[PDB]
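Trainee:
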Ligand SMILES: [C]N1N=C(C(F)(F)F)[C]=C1[B]([O])=O
């Protein structure tokens, strides 16, 4: 059934699984019209499809042209997501297809179930975890490829860089979710933490800086402090 | 006007005939039901006084044979049988009528209730849902499961209703996933009406039969089928106008007849609220919406 803290180590076993997050698929800016009404303008979005064991990220860029002339776009966006995930599964060799797909929002369950009817053995699951994958567009290199896209495009990344050479996938996921939670709670401060020291750089082929093990402990502590700081600023504590 | 004689009534039992019912005491001199209207299917149903468990009964049509009821003390139930000797049967009935040992089917002349509940129900279709080909009548009880319930366990004792499943390849055209899931017109009109049922009359007949099995025997699977067949129509944006108008009449008489005290169990809140207030047909069921709002406003 649903995925929660009780069955958390299941994410890192050897059954292929993907998280699907649709929160950045349909993105708009709201603005006033010359007549003083309100209108939306869509901007490019993305589906965030992640293997939490390997770090492989299938970033399907959603170009604004897919919304042209369409109605009820927030509903359509869920079905477009499910269509693209189904197309991705079909594109993968049988031995690479997931055995489970975990959606971060319950409203994706029926769209994905319907699109995956041809795959009755792939479990479509919700989760009780509050995952911070909406903050993916706070990762500069991901935001850049989404905003520059002129057509639909899939781009593949490893969201863990080379971390798995040194740490387990449990620890890598925990680091990722801490980074993204921090970027979600205070983007400016999180990015300040990640780059304040110009001698640590981001390799061309990476998303995050090349921190040593000891520097990651310091960074991770600074991100926890930020999240706690913001939690106090928020609730006055 | 036809007759279903009883050999005897050896155990205390509440006997239903269609929407009517009466109590018979243990070894009371009861010998059956006369004045049964020709032209409709009928159901004769039973609840034993000493064990309410397993309400059961028999669907039949007196035009198809001479039927009677006899208690079986080994299997512990009232069984319907066919008498092939027409002269034996006429002689039995006449004697019981002369001795006034029969209850009269108590139809008020103004009253079209049973017609309205069975308008599209035919015995030949009942006998395909309830498979026991050596009898002309069909046995149904409280516990019989449907073919769909068994997929999710004895097949000879199942209710072979048409399987309806909104998240199934049958219901969803490849490439039309969103369209077909949000607007079930394809599934209703091409798959079910043109493909399986052939016409709306057979669809309504199965819908009406499913309702009657739910009301009379508390068959959960029958209720599931009745609601699924309503939801499939209400969730279709494109339905022939004559079907919508007929559906409103069908449902009105079903809601009117339902015992008030079994509304809690016979009526699915989600389906009815969806059908009357959110669906494509939320404004097409005027008679049904009015009786539901005045009789069961709690459910809504
Ligand atoms: C006792 N009962 N009656 C019904 C229904 F047919 F009225 F729907 C369902 C059940 B049940 O859950 O066992």
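Protein chains in written order, with my numbering: chain A, 1 to 237; chain B, 1001 to 1300.
From the three backbone atoms N, C-alpha and C, an ideal C-beta is built for every residue, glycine too.
Closer than 8 angstroms is the cut-off here; do at least three beta carbon pairs connect the stretch 71 to 80 of chain A with the stretch 96 to 114 of chain A?
Mentor: At 8 angstroms Cβ cutoff, the stretches touch.
Trainee: Looking only at C-alpha atoms, which of A/56, A/173 and A/67 sits nearest to residue 40 of chain A?
Mentor: A/67
Trainee: Checking the sheet assignment: what are the DSSP bridge partners for residue 42 of chain A?
Mentor: A/28
Trainee: Please work out which residues of its chain come closer than 7 angstroms, Cβ to Cβ, to residue 1025 of chain B, disregarding the five sequence neighbours upstream and downstream, and give them in chain order.
Mentor: 1012
Trainee: Would you tell me roughly how many angstroms separate the C-alpha atoms of residue 215 of chain A and residue 197 of chain A, rounded to the nearest one?
Mentor: 11 angstroms
Trainee: Please confirm whether any heavy atom of ligand 1 lies closer than 7 angstroms to the CB of residue 1222 of chain B.
Mentor: Yes.
Trainee: Closer than 9 angstroms by beta-carbon distance: list the chain A residues that pair up with residue 1177 of chain B, in chain order.
Mentor: 79, 82, 83, 86, 111, 114, 115 and 117
Trainee: Can residue 1051 of chain B be considered in contact with ligand 1, in the sense that its beta carbon sits closer than 7 angstroms to one or more heavy atoms?
Mentor: no
Trainee: Go through its chain and collect everything with a Cβ distance to residue 1229 of chain B's Cβ below 6 angstroms, but skip five positions before and after it.
Mentor: The residues are 1207.
Trainee: Beta-carbon within less than 6 angstroms of residue 49 of chain A's beta-carbon, same chain only, minus the 5 sequence neighbours each way: which residues are those?
Mentor: 18, 20 and 58
Trainee: Distance cutoff 8 angstroms, beta carbons only. Does residue 1184 of chain B sit that close to anything in chain A?
Mentor: no
Trainee: Using the Cα positions of residue 132 of chain A and residue 1268 of chain B, report the straight-line distance between them to the nearest angstrom.
Mentor: 37 angstroms
Trainee: Run the CB neighbour count on residue 1022 of chain B, radius 10 Å, all protein chains shown included, and call it buried at 16 or more, exposed below.
Mentor: exposed
Trainee: With a threshold of 7 angstroms (Cβ to nearest heavy atom), would residue 1218 of chain B be considered close to ligand 1?
Mentor: yes
Trainee: Please return the same chain residues whose Cβ sits closer than 6 angstroms to the Cβ of residue 1139 of chain B, not counting the five positions on each side in sequence.
Mentor: Shown here for residue 1139 of chain B: same chain residues with a beta carbon closer than 6 angstroms to its own, the five before and five after excluded, namely 1058 in chain order.
Trainee: According to DSSP, simplified to helix, strand and coil, what is residue 63 of chain A?
Mentor: coil
Trainee: Provide the residue(s) that pair with residue 1072 of chain B in DSSP beta bridges, ordered along the chain.
Mentor: B/1077
Trainee: Between residue 1266 of chain B and ligand 1, is there a pair consisting of the residue's CB and a ligand heavy atom that are separated by less than 7 angstroms?
Mentor: Checking the Cβ of residue 1266 of chain B against ligand 1 gives yes.
Trainee: Per DSSP, what kind of secondary structure is residue 154 of chain A in: helix, strand or coil?
Mentor: In the three-state reduction of the DSSP assignment, residue 154 of chain A falls in the strand class.
Trainee: How about residue 1125 of chain B: is its C-beta nearer than 8 angstroms to some C-beta of chain A?
Mentor: no
Trainee: Taking residue 1096 of chain B as the reference, give the member of B/1204, B/1202, B/1031 and B/1189 with the closest Cα.
Mentor: B/1031
Trainee: I want to see whether chain A comes within less than 8 angstroms of residue 1282 of chain B, judged by CB atoms only; does it?
Mentor: False, the Cβ-Cβ gap to chain A never drops below 8 angstroms.
Trainee: Taking its Cβ as the centre, do 16 or more other Cβ atoms sit within 10 Å of residue 1034 of chain B, making it buried, or is it exposed?
Mentor: By the Cβ neighbour-count rule, residue 1034 of chain B is buried, with 16 or more other Cβ atoms within 10 Å of its own.
Trainee: What did DSSP end up calling residue 208 of chain A once you bin it into helix, strand or coil?
Mentor: coil
Trainee: Are the Cβ atoms of residue 1064 of chain B and residue 1037 of chain B separated by less than 8 angstroms?
Mentor: no
Trainee: Whose CA, out of A/128, A/86 and A/130, lies closest to the CA of residue 113 of chain A?
Mentor: A/86
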